[PDB]
Amino acid sequence: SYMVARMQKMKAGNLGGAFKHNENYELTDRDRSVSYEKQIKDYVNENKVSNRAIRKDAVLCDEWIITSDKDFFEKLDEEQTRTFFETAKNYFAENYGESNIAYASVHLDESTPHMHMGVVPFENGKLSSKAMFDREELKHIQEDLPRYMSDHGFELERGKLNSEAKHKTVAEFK
DNA sequence: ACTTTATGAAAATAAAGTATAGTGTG
Ligand SMILES: [Cl-]
Ligand SMILES: [Mg+2]
Ligand code: NA
(Lines give C-alpha, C1' and ligand atoms only; values in the text may rest on other atoms or scores of the structure.)
(Ligands and ions follow the chains in the order given, each with its own letter.)
Protein backbone atom coordinates (compact mmCIF):
# COMPACT_ATOMS: atom_id res chain seq x y z
CA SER A 1 0.00 0.00 0.00
CA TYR A 2 0.99 3.62 -0.72
CA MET A 3 0.69 6.52 1.69
CA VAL A 4 -1.87 8.96 0.24
CA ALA A 5 -1.21 12.59 1.30
CA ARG A 6 -2.33 15.52 -0.81
CA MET A 7 -3.41 19.12 -0.09
CA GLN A 8 -5.96 21.71 -1.22
CA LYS A 9 -5.84 25.42 -0.36
CA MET A 10 -8.86 26.77 1.57
CA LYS A 11 -9.81 30.48 1.46
CA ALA A 12 -12.45 32.20 3.67
CA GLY A 13 -15.53 30.95 1.83
CA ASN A 14 -14.23 27.38 1.52
CA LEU A 15 -13.94 26.95 5.23
CA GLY A 16 -17.77 27.18 5.73
CA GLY A 17 -18.65 24.12 3.56
CA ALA A 18 -15.83 22.04 5.09
CA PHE A 19 -16.97 22.85 8.68
CA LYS A 20 -20.54 21.71 7.71
CA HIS A 21 -19.25 18.61 5.81
CA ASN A 22 -17.38 17.54 8.94
CA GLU A 23 -20.42 17.86 11.37
CA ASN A 24 -16.80 11.62 11.88
CA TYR A 25 -14.46 12.09 14.85
CA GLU A 26 -12.23 15.14 15.55
CA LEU A 27 -8.70 14.64 16.88
CA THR A 28 -7.74 18.20 17.85
CA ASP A 29 -8.85 19.89 21.02
CA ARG A 30 -10.75 22.54 18.92
CA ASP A 31 -14.07 23.91 20.19
CA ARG A 32 -16.47 21.97 17.97
CA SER A 33 -19.13 24.80 17.98
CA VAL A 34 -16.85 27.50 16.45
CA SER A 35 -16.56 27.45 12.63
CA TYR A 36 -13.21 26.75 10.92
CA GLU A 37 -13.16 30.23 9.39
CA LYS A 38 -13.76 32.03 12.78
CA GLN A 39 -11.30 29.76 14.64
CA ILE A 40 -8.54 30.46 12.07
CA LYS A 41 -9.17 34.16 11.60
CA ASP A 42 -9.08 34.80 15.43
CA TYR A 43 -5.86 32.85 15.68
CA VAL A 44 -4.08 34.67 12.82
CA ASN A 45 -5.36 38.05 13.83
CA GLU A 46 -4.31 37.52 17.44
CA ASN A 47 -0.78 36.50 16.41
CA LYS A 48 0.28 38.01 13.04
CA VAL A 49 3.06 40.64 13.32
CA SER A 50 1.81 42.77 10.37
CA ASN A 51 -0.74 45.47 11.12
CA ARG A 52 -2.33 45.07 7.66
CA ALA A 53 -5.50 43.07 7.48
CA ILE A 54 -5.41 39.47 6.22
CA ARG A 55 -5.68 39.68 2.43
CA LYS A 56 -9.13 38.70 1.13
CA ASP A 57 -7.65 35.94 -1.09
CA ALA A 58 -5.33 34.58 1.67
CA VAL A 59 -4.93 30.80 2.00
CA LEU A 60 -6.27 30.47 5.63
CA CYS A 61 -5.27 26.83 5.68
CA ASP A 62 -3.92 23.91 3.76
CA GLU A 63 -6.34 21.00 3.98
CA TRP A 64 -4.50 17.67 3.76
CA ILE A 65 -6.31 14.45 2.91
CA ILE A 66 -4.54 11.47 4.58
CA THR A 67 -5.57 7.93 3.67
CA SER A 68 -4.39 4.84 1.65
CA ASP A 69 -6.04 1.97 -0.26
CA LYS A 70 -9.01 0.03 1.12
CA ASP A 71 -7.07 -3.16 1.79
CA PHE A 72 -4.51 -1.27 3.94
CA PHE A 73 -7.25 -0.43 6.48
CA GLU A 74 -8.83 -3.98 6.29
CA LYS A 75 -5.65 -5.12 7.90
CA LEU A 76 -6.08 -2.76 10.87
CA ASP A 77 -8.60 -2.89 13.75
CA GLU A 78 -10.36 0.30 14.94
CA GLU A 79 -7.75 1.09 17.64
CA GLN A 80 -4.93 0.74 15.14
CA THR A 81 -6.86 2.77 12.45
CA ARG A 82 -7.33 5.63 14.97
CA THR A 83 -3.60 5.48 15.89
CA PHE A 84 -2.81 5.67 12.14
CA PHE A 85 -4.56 9.03 11.95
CA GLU A 86 -3.15 10.30 15.26
CA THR A 87 0.35 9.34 14.04
CA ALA A 88 -0.13 11.26 10.80
CA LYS A 89 -1.49 14.31 12.72
CA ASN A 90 1.71 14.07 14.93
CA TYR A 91 3.99 14.22 11.95
CA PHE A 92 2.46 17.55 10.74
CA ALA A 93 2.27 19.00 14.33
CA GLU A 94 5.98 18.24 14.87
CA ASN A 95 7.04 19.62 11.48
CA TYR A 96 4.55 22.60 11.14
CA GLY A 97 3.42 23.47 14.67
CA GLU A 98 0.85 22.18 17.19
CA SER A 99 -1.15 25.35 17.28
CA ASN A 100 -1.35 25.28 13.41
CA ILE A 101 -3.42 22.08 13.28
CA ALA A 102 -6.89 23.71 13.31
CA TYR A 103 -8.85 20.56 12.65
CA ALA A 104 -8.19 16.83 12.06
CA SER A 105 -11.42 15.15 11.25
CA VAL A 106 -11.67 11.44 10.34
CA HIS A 107 -14.42 9.86 8.18
CA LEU A 108 -14.77 6.23 9.37
CA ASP A 109 -17.79 4.81 7.47
CA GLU A 110 -18.80 3.40 3.98
CA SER A 111 -15.48 3.82 2.20
CA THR A 112 -11.88 3.70 3.14
CA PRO A 113 -11.31 6.04 6.07
CA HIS A 114 -9.96 9.50 5.01
CA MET A 115 -8.80 12.32 7.37
CA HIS A 116 -9.27 15.99 6.40
CA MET A 117 -6.71 17.96 8.42
CA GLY A 118 -6.51 21.75 8.22
CA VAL A 119 -2.96 23.07 8.65
CA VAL A 120 -2.68 26.85 9.09
CA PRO A 121 0.56 28.02 7.24
CA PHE A 122 1.48 30.48 9.97
CA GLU A 123 5.17 30.73 10.67
CA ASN A 124 7.32 33.55 12.14
CA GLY A 125 4.37 35.94 12.71
CA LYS A 126 3.27 35.53 9.04
CA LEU A 127 0.37 33.66 7.30
CA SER A 128 1.81 32.24 4.08
CA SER A 129 0.99 28.97 2.35
CA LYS A 130 3.42 30.07 -0.33
CA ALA A 131 6.37 30.06 2.22
CA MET A 132 5.36 26.84 4.13
CA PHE A 133 4.21 24.51 1.34
CA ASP A 134 6.44 25.12 -1.64
CA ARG A 135 7.57 22.63 -4.27
CA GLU A 136 10.57 21.50 -2.15
CA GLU A 137 8.40 21.02 1.02
CA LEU A 138 5.91 18.86 -0.91
CA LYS A 139 8.70 16.71 -2.33
CA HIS A 140 10.01 16.33 1.20
CA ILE A 141 6.57 15.26 2.60
CA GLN A 142 6.22 12.51 -0.06
CA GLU A 143 9.63 11.14 0.86
CA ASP A 144 9.63 11.57 4.58
CA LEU A 145 6.04 11.07 5.87
CA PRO A 146 5.86 7.41 4.64
CA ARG A 147 9.23 6.73 6.34
CA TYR A 148 7.85 8.24 9.61
CA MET A 149 4.67 6.07 9.43
CA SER A 150 6.79 2.92 8.84
CA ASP A 151 8.89 3.79 11.87
CA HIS A 152 5.63 3.70 13.83
CA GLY A 153 4.76 0.27 12.52
CA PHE A 154 2.37 1.21 9.66
CA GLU A 155 3.94 -0.40 6.47
CA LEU A 156 3.53 2.19 3.64
CA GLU A 157 5.41 2.73 0.37
CA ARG A 158 6.14 6.33 -0.65
CA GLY A 159 4.40 7.45 -3.85
CA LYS A 160 6.26 7.04 -7.17
CA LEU A 161 9.11 9.64 -7.17
CA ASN A 162 8.30 12.20 -9.95
CA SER A 163 4.98 10.48 -10.56
CA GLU A 164 3.31 11.78 -13.76
CA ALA A 165 -0.22 10.92 -12.60
CA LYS A 166 -2.82 13.70 -12.54
CA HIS A 167 -5.25 14.21 -9.63
CA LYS A 168 -8.71 12.85 -10.57
CA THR A 169 -12.18 13.28 -9.03
CA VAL A 170 -15.11 10.87 -9.51
CA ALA A 171 -17.09 13.25 -11.79
CA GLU A 172 -14.04 13.71 -14.07
CA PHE A 173 -12.91 10.05 -13.99
CA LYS A 174 -16.60 9.53 -14.99
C1' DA B 1 7.84 34.35 -13.41
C1' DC B 2 4.17 36.81 -13.16
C1' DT B 3 -0.20 38.94 -10.63
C1' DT B 4 -3.07 40.50 -6.86
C1' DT B 5 -3.43 42.75 -2.63
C1' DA B 6 -3.15 46.21 1.19
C1' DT B 7 -1.21 50.13 2.35
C1' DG B 8 -2.60 57.58 6.49
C1' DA B 9 -2.66 56.88 0.15
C1' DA B 10 1.81 55.11 -4.79
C1' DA B 11 3.26 58.95 -10.96
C1' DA B 12 5.01 52.49 -5.75
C1' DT B 13 6.31 48.61 -2.94
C1' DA B 14 6.57 44.15 -0.78
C1' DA B 15 4.38 39.91 0.64
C1' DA B 16 1.78 36.59 -0.60
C1' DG B 17 -1.60 35.18 -4.49
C1' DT B 18 -1.36 31.44 -8.90
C1' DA B 19 0.80 25.03 -8.83
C1' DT B 20 3.41 22.31 -6.60
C1' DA B 21 3.67 16.26 -4.98
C1' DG B 22 1.50 12.37 -4.39
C1' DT B 23 -2.83 7.84 -4.95
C1' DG B 24 -7.61 6.40 -4.67
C1' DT B 25 -10.92 2.42 -7.25
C1' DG B 26 -13.00 -1.76 -9.22
CL1 LIG C 1 -12.98 33.54 -0.12
MG1 LIG D 1 -10.12 -1.95 9.62
NA1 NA E 1 9.53 38.42 -15.09
Side-chain angles (χ1 to χ4, degrees), chain A residues 1-15 18 21-22 24 37 40-41 43-76 81 84-85 87-92 95-97 100 102 104-152 154-174:
Chain A
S1 295
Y2 287 113
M3 163 57 66
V4 172
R6 165 171 211 277
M7 55 157 282
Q8 162 81 272
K9 299 176 172 166
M10 312 294 279
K11 302 216 199 221
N14 297 127
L15 281 170
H21 194 42
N22 310 358
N24 292 353
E37 190 196 347
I40 289 162
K41 285 183 147 151
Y43 166 69
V44 175
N45 278 332
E46 155 170 15
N47 286 270
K48 60 175 167 72
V49 157
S50 186
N51 285 332
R52 332 217 309 184
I54 310 169
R55 61 186 293 171
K56 67 200 206 191
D57 63 333
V59 180
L60 299 179
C61 86
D62 303 277
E63 188 182 277
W64 284 82
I65 303 301
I66 307 291
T67 180
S68 168
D69 67 27
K70 186 158 267 147
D71 290 335
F72 174 78
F73 293 99
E74 297 210 337
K75 283 162 191 145
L76 299 183
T81 301
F84 172 89
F85 294 110
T87 304
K89 173 189 164 282
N90 291 339
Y91 175 95
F92 281 83
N95 287 281
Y96 308 105
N100 292 330
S105 149
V106 193
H107 220 58
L108 208 38
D109 303 293
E110 278 181 54
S111 293
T112 306
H114 303 117
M115 168 172 79
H116 291 72
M117 165 175 62
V119 182
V120 187
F122 184 88
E123 188 163 1
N124 291 325
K126 292 181 304 186
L127 181 69
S128 173
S129 181
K130 165 184 174 133
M132 180 179 286
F133 300 108
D134 62 6
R135 188 194 315 278
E136 177 190 345
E137 196 63 26
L138 296 192
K139 272 170 159 156
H140 170 69
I141 294 158
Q142 302 296 322
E143 199 272 338
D144 184 60
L145 170 74
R147 172 181 320 278
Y148 178 84
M149 300 298 299
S150 299
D151 292 342
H152 280 82
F154 301 95
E155 284 185 73
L156 272 334
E157 188 167 343
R158 62 153 292 137
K160 281 220 68 214
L161 176 68
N162 311 310
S163 179
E164 295 290 293
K166 303 166 160 229
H167 172 69
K168 303 157 273 313
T169 73
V170 173
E172 95 170 289
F173 152 76
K174 287 124 192 193

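Below, read A as the first sequence line, B as the second, and so on, with proteins coming before strands; counting in each chain starts at 1. Atom set for the values below is all heavy atoms of this structure, side chains included, hydrogens, waters and symmetry mates excluded.
Aromatic ring pairs are classed by plane angle as parallel below 30°, tilted from 30° to 60° and perpendicular above 60°; the pair A:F84 and A:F154 is perpendicular. Between A:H116 and A:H21, the two ring planes are perpendicular [angle over 60°; tilted spans 30° to 60°].
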Spell out protein contact along nucleotides 19-26 of chain B as letters: B when the base is contacted, S when just the sugar-phosphate is, - when no protein heavy atom is under 4.0 Å; keep the 5' to 3' order.
BBBBBBS-
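Taking the P atoms as reference points, B:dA14 lies 15 Å from B:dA9, given to the whole Å. A gap of 13 Å separates the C1' atoms of B:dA19 and B:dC2, to the nearest Å. B:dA11 and B:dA15 have their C1' atoms separated by 22 Å, given to the nearest Å. Nucleotides B:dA21 and B:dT4 place their P atoms 23 Å apart, quoted to the nearest Å. Rounded to the nearest Å, the gap between the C1' atom of B:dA12 and that of B:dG8 is 15 Å. Nucleotides B:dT20 and B:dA1 have their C1' atoms positioned 15 Å apart, rounded to a whole Å. Distance check on atom P: B:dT7 versus B:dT25 gives 45 Å, rounded to whole Å.
Summary of the strand contacts: A:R52 and A:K126 both lie near DNA chain B, and taking for each the nucleotide with the nearest heavy atom, the more 5' one is attributed to A:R52.
Using a 4.0 Å heavy-atom distance criterion, A:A131 is classed as making no nucleic acid contact. A:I141 comes within 4.0 angstrom of nothing in the nucleic acid, heavy atoms only. Counting non-hydrogen atoms under 4.0 angstrom, A:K11 reaches the backbone sugars and phosphates but no base.
Within the 4.5 Å cutoff, no side-chain heavy atoms of A:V44 are placed close to those of A:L60. Side-chain contact between A:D144 and A:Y91: present, with at least one pair of heavy atoms (C-beta onward) separated by less than 4.5 Å. A 4.5 Å side-chain heavy-atom check between A:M115 and A:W64 finds every atom pair outside the cut-off. Residues A:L138 and A:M7 form a side-chain contact, since some pair of their non-hydrogen atoms from C-beta on lies under 4.5 Å apart.
The interatomic distance linking A:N51 (CG) with B:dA14 (P) rounds to 18 Å, in whole Å. Between the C1' atom of B:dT13 and the CZ atom of A:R55 lies a distance of 13 Å, rounded to the nearest Å. In this entry the distance linking CE of A:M10 with P of B:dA16 reads 21 Å, nearest Å. In this structure, A:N124 atom CG and B:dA16 atom P are separated by 10 Å, rounded to whole Å.
Judged by the sign of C1'-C2'-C3'-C4', B:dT13 carries a south-puckered sugar. South is the pucker class for the sugar of B:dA11, given a negative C1'-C2'-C3'-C4' value.
With a glycosidic angle no further than 90° from 0, B:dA11 counts as syn.
A salt bridge between A:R147 and A:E143 is present, with a side-chain N of the basic residue lying under 4.0 Å from a carboxylate O of the acidic one.
Between A:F92 and A:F133, the ring center distance fails the sub-6.0 Å criterion.
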